[PDB]
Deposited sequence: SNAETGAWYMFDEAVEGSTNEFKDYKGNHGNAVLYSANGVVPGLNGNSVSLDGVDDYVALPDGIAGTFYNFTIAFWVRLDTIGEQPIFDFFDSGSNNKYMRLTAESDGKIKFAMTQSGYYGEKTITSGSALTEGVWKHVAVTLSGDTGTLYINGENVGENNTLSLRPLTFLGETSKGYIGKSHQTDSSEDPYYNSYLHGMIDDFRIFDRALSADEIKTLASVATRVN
């Protein structure tokens, strides 16, 4: 085998803060936390105070692979800018890969060979946050439908050939209410939107992404 697995269930004998690699390929992870490990998802889990707690992994654990996967379970107790993991060159400070929590619950992965300003990144999608004004749009273009939040593409379904059109002349429309469908399992029937709405707009074509962006300005 290759790779590692930290289950963080119980310190190794002889210590209070060392946790083994269950795959038996790498050294012990070291925990710096006054909490220690506590009941969590699978047996025990690391609990970090968000102040100065972290885990040191042994050197070399990820720098010898061309392709790879890093995976773990996490319970985020504070929404904000925070490092989740960071694997970096011991010889310089501008060669690294780091997964971060973002200003809003999104996550970002960055790899760079030229410091902070050269990061190549991947960022997760936006969602609707409580009490925060956002722009939403749906576009249908042939078989492809697209969802946008603040002018960013957040989903597609390229298999949409479909209902109202034509004989849509007498179609009904609500904002914030649904009509009664054919199913009592519909959870939206009799649910009413709690919020505010503005500039409701409809177009008889599919706007492009930067067209969408411009509305979201």
item	value
Where the deposited sequence has no C-alpha coordinates (positions from 1, in order)	1 to 3, 166, 222 to 227
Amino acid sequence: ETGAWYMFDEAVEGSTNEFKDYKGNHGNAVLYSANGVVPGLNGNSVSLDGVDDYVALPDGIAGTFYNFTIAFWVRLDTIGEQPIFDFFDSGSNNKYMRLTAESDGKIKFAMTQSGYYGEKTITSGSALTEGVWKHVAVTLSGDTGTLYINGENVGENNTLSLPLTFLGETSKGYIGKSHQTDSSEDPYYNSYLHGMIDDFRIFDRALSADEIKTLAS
From here on, numbers count along this sequence of modelled residues.
property: Segment of higher mean CA temperature factor, 122 to 130 or 107 to 115; result: 122 to 130
property: Mean temperature factor over C-alpha atoms, higher-scoring stretch between 94 to 102 and 140 to 148; result: 140 to 148
property: Per the PDB entry, maximal CA B factor within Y192, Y174, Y54, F65; result: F65
property: Per the PDB entry, maximal CA B factor within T69, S33, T181, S161; result: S161
property: Among modelled residues of the same chain, the CA temperature factor third for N42; result: highest
property: Modelled-residue ranking by C-alpha temperature factor, third containing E185; result: middle
property: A29 by Cα B-factor - lowest, middle or highest third of the modelled chain; result: lowest
property: Modelled-residue ranking by C-alpha temperature factor, third containing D198; result: middle
property: CA B-factor ranking of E18, expressed as a third of its chain; result: lowest
